[PDB]
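What follows is the content of data15.cif, which has mmCIF, C-alpha atoms and all ligand atoms:
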data_work
loop_
_atom_site.label_atom_id
_atom_site.label_comp_id
_atom_site.auth_asym_id
_atom_site.auth_seq_id
_atom_site.Cartn_x
_atom_site.Cartn_y
_atom_site.Cartn_z
CA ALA A 1 -75.66 29.54 14.29
CA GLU A 2 -76.36 26.39 12.30
CA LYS A 3 -79.69 25.38 10.89
CA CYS A 4 -81.98 22.70 12.30
CA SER A 5 -83.12 20.40 9.50
CA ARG A 6 -86.32 19.11 11.14
CA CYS A 7 -88.28 22.20 12.11
CA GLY A 8 -86.76 24.40 9.39
CA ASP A 9 -85.79 27.19 11.79
CA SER A 10 -82.21 28.03 12.69
CA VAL A 11 -81.03 26.85 16.09
CA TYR A 12 -79.00 29.61 17.72
CA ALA A 13 -78.55 28.56 21.32
CA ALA A 14 -82.11 27.48 22.06
CA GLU A 15 -82.26 23.74 22.74
CA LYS A 16 -78.97 23.33 20.89
CA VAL A 17 -77.12 20.11 21.61
CA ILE A 18 -74.88 17.73 19.69
CA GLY A 19 -76.13 14.15 19.40
CA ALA A 20 -73.77 12.43 17.02
CA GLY A 21 -72.24 15.41 15.25
CA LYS A 22 -75.01 17.60 13.87
CA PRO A 23 -76.84 20.39 15.78
CA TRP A 24 -80.26 19.41 17.10
CA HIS A 25 -83.07 20.87 19.14
CA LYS A 26 -83.99 18.32 21.82
CA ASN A 27 -87.44 17.95 20.22
CA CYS A 28 -85.94 17.72 16.73
CA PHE A 29 -83.62 14.64 16.90
CA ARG A 30 -84.50 13.51 13.41
CA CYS A 31 -83.52 10.01 12.50
CA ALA A 32 -81.47 9.36 9.36
CA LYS A 33 -83.34 6.12 8.62
CA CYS A 34 -87.00 6.47 9.53
CA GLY A 35 -87.12 10.22 10.31
CA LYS A 36 -88.97 9.98 13.62
CA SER A 37 -88.20 13.05 15.74
CA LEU A 38 -86.90 12.01 19.13
CA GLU A 39 -86.02 13.38 22.57
CA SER A 40 -82.45 14.05 23.84
CA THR A 41 -79.36 11.86 23.29
CA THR A 42 -80.73 8.51 24.47
CA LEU A 43 -80.65 6.73 21.11
CA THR A 44 -77.89 5.15 19.00
CA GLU A 45 -75.25 7.36 17.40
CA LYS A 46 -73.22 6.59 14.31
CA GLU A 47 -70.44 8.77 12.88
CA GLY A 48 -71.96 12.25 12.60
CA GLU A 49 -75.40 10.76 12.01
CA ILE A 50 -78.22 9.55 14.27
CA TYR A 51 -80.54 6.55 14.01
CA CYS A 52 -83.26 5.49 16.51
CA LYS A 53 -82.32 2.78 19.00
CA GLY A 54 -85.52 0.85 18.21
CA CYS A 55 -85.51 1.24 14.42
CA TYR A 56 -81.80 0.42 13.99
CA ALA A 57 -82.05 -2.62 16.28
CA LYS A 58 -84.85 -3.84 13.99
CA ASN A 59 -82.93 -2.91 10.83
ZN ZN A 101 -85.49 22.22 15.40
ZN ZN A 102 -85.51 5.83 13.30
#
Before anything else, please render the file you have as structure tokens.
Ligand SMILES: [Zn+2]
Ligand SMILES: [Zn+2]
Amino acid sequence: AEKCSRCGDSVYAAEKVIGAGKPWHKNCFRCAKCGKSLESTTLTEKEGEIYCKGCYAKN
């Protein structure tokens, strides 16, 4: 397992998915910029790090 940074619990094989590079629950897609927790992989991905599509388009 590898630990989910948003919710604080360890993600085993629950809602475990890779977005950019890091393990994520599909509720817990925490943004590197603004920190808004997002849905599945629908947003913008950078190298091993995620950023919202809306917040990164603004920034
Ligand atoms: Zn989580
Ligand atoms: Zn964001």
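In this comparison, which uses all atoms listed in the file, the residue of A:33, A:58, A:25, A:46 approaching ligand ZN 102 (chain A) most closely is A:33.
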Using all atoms listed in the file, which protein or nucleic acid residues come within 9 Å of range 42-44 of chain A? Drop anything in the same chain fewer than 5 positions from it, and give the result as a PDB file with C-alpha atoms, in the coordinates of the input.
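Result written to around_38.pdb:
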ATOM      1  CA  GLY A  19     -76.130  14.150  19.400  1.00  0.00           C
ATOM      2  CA  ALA A  20     -73.770  12.430  17.020  1.00  0.00           C
ATOM      3  CA  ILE A  50     -78.220   9.550  14.270  1.00  0.00           C
ATOM      4  CA  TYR A  51     -80.540   6.550  14.010  1.00  0.00           C
ATOM      5  CA  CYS A  52     -83.260   5.490  16.510  1.00  0.00           C
ATOM      6  CA  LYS A  53     -82.320   2.780  19.000  1.00  0.00           C
ATOM      7  CA  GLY A  54     -85.520   0.850  18.210  1.00  0.00           C
ATOM      8  CA  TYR A  56     -81.800   0.420  13.990  1.00  0.00           C
TER       9      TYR A  56
END
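If you measure from each of A:59, A:6, A:15, A:22 to residue 35 in chain A using all atoms listed in the file, the closest one turns out to be A:6.
Of the listed residues (A:41, A:12, A:3, A:57), A:41 comes nearest to residue 29 in chain A; the distances count only C-alpha atoms.
Compared by their closest atoms to ligand ZN 101 (chain A), and using only C-alpha atoms and all ligand atoms, the residues A:1, A:55, A:28, A:14 rank with A:28 nearest.
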For this session: Give the residue list for ligand ZN 101 (chain A) at 7 Å, counting all atoms listed in the file, as number ranges by chain, sorted by chain and then by residue number.
Result: A: 4-9, 11, 24-25, 27-28
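Between ligand ZN 102 (chain A) and the residues A:48, A:39, A:30, A:10, the shortest atom-to-atom distance, using all atoms listed in the file, involves A:30.
Of the residues under consideration (A:26, A:38, A:45, A:31), A:31 shows the shortest atom-to-atom contact distance to ligand ZN 102 (chain A) when counting all atoms listed in the file.
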6 Å per side around range 14-33 of chain A: axis-aligned box centre and edge lengths, as lines of an AutoDock Vina configuration file:
center_x = -79.8
center_y = 16.8
center_z = 15.7
size_x = 27.2
size_y = 33.4
size_z = 26.1
What would range 8-28 of chain A look like with N, CA and C atoms restored, written as a PDB file, keeping the file's coordinate frame?
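Output below, filename selection31.pdb:
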ATOM      1  N   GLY A   8     -86.965  23.498  10.504  1.00  0.00           N
ATOM      2  CA  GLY A   8     -86.760  24.400   9.390  1.00  0.00           C
ATOM      3  C   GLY A   8     -86.195  25.703   9.861  1.00  0.00           C
ATOM      4  N   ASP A   9     -86.285  25.977  11.184  1.00  0.00           N
ATOM      5  CA  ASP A   9     -85.790  27.190  11.790  1.00  0.00           C
ATOM      6  C   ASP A   9     -84.340  26.986  12.089  1.00  0.00           C
ATOM      7  N   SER A  10     -83.605  28.092  12.345  1.00  0.00           N
ATOM      8  CA  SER A  10     -82.210  28.030  12.690  1.00  0.00           C
ATOM      9  C   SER A  10     -82.136  27.920  14.185  1.00  0.00           C
ATOM     10  N   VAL A  11     -81.278  26.998  14.683  1.00  0.00           N
ATOM     11  CA  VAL A  11     -81.030  26.850  16.090  1.00  0.00           C
ATOM     12  C   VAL A  11     -79.820  27.691  16.401  1.00  0.00           C
ATOM     13  N   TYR A  12     -79.987  28.624  17.364  1.00  0.00           N
ATOM     14  CA  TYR A  12     -79.000  29.610  17.720  1.00  0.00           C
ATOM     15  C   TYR A  12     -78.304  29.086  18.936  1.00  0.00           C
ATOM     16  N   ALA A  13     -79.001  29.143  20.088  1.00  0.00           N
ATOM     17  CA  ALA A  13     -78.550  28.560  21.320  1.00  0.00           C
ATOM     18  C   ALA A  13     -79.796  28.345  22.117  1.00  0.00           C
ATOM     19  N   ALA A  14     -80.810  27.710  21.480  1.00  0.00           N
ATOM     20  CA  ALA A  14     -82.110  27.480  22.060  1.00  0.00           C
ATOM     21  C   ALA A  14     -82.040  26.194  22.839  1.00  0.00           C
ATOM     22  N   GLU A  15     -82.352  25.060  22.172  1.00  0.00           N
ATOM     23  CA  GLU A  15     -82.260  23.740  22.740  1.00  0.00           C
ATOM     24  C   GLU A  15     -81.096  23.055  22.088  1.00  0.00           C
ATOM     25  N   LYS A  16     -80.028  23.822  21.738  1.00  0.00           N
ATOM     26  CA  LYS A  16     -78.970  23.330  20.890  1.00  0.00           C
ATOM     27  C   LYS A  16     -78.105  22.371  21.646  1.00  0.00           C
ATOM     28  N   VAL A  17     -77.854  21.198  21.028  1.00  0.00           N
ATOM     29  CA  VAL A  17     -77.120  20.110  21.610  1.00  0.00           C
ATOM     30  C   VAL A  17     -76.528  19.396  20.429  1.00  0.00           C
ATOM     31  N   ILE A  18     -75.460  18.607  20.676  1.00  0.00           N
ATOM     32  CA  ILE A  18     -74.880  17.730  19.690  1.00  0.00           C
ATOM     33  C   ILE A  18     -75.300  16.354  20.140  1.00  0.00           C
ATOM     34  N   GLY A  19     -75.736  15.519  19.171  1.00  0.00           N
ATOM     35  CA  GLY A  19     -76.130  14.150  19.400  1.00  0.00           C
ATOM     36  C   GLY A  19     -74.971  13.324  18.964  1.00  0.00           C
ATOM     37  N   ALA A  20     -74.859  13.130  17.632  1.00  0.00           N
ATOM     38  CA  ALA A  20     -73.770  12.430  17.020  1.00  0.00           C
ATOM     39  C   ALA A  20     -72.742  13.441  16.599  1.00  0.00           C
ATOM     40  N   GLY A  21     -73.157  14.430  15.775  1.00  0.00           N
ATOM     41  CA  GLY A  21     -72.240  15.410  15.250  1.00  0.00           C
ATOM     42  C   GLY A  21     -72.983  16.640  14.860  1.00  0.00           C
ATOM     43  N   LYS A  22     -74.258  16.498  14.420  1.00  0.00           N
ATOM     44  CA  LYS A  22     -75.010  17.600  13.870  1.00  0.00           C
ATOM     45  C   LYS A  22     -75.761  18.321  14.974  1.00  0.00           C
ATOM     46  N   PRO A  23     -75.994  19.634  14.869  1.00  0.00           N
ATOM     47  CA  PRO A  23     -76.840  20.390  15.780  1.00  0.00           C
ATOM     48  C   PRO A  23     -78.294  19.983  15.724  1.00  0.00           C
ATOM     49  N   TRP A  24     -78.942  19.942  16.908  1.00  0.00           N
ATOM     50  CA  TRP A  24     -80.260  19.410  17.100  1.00  0.00           C
ATOM     51  C   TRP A  24     -80.915  20.222  18.173  1.00  0.00           C
ATOM     52  N   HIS A  25     -82.236  20.497  18.021  1.00  0.00           N
ATOM     53  CA  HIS A  25     -83.070  20.870  19.140  1.00  0.00           C
ATOM     54  C   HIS A  25     -83.429  19.551  19.776  1.00  0.00           C
ATOM     55  N   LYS A  26     -83.736  19.543  21.093  1.00  0.00           N
ATOM     56  CA  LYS A  26     -83.990  18.320  21.820  1.00  0.00           C
ATOM     57  C   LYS A  26     -85.362  17.747  21.552  1.00  0.00           C
ATOM     58  N   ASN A  27     -86.169  18.429  20.710  1.00  0.00           N
ATOM     59  CA  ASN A  27     -87.440  17.950  20.220  1.00  0.00           C
ATOM     60  C   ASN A  27     -87.203  17.352  18.846  1.00  0.00           C
ATOM     61  N   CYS A  28     -86.177  17.872  18.142  1.00  0.00           N
ATOM     62  CA  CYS A  28     -85.940  17.720  16.730  1.00  0.00           C
ATOM     63  C   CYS A  28     -84.855  16.708  16.417  1.00  0.00           C
TER      64      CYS A  28
END
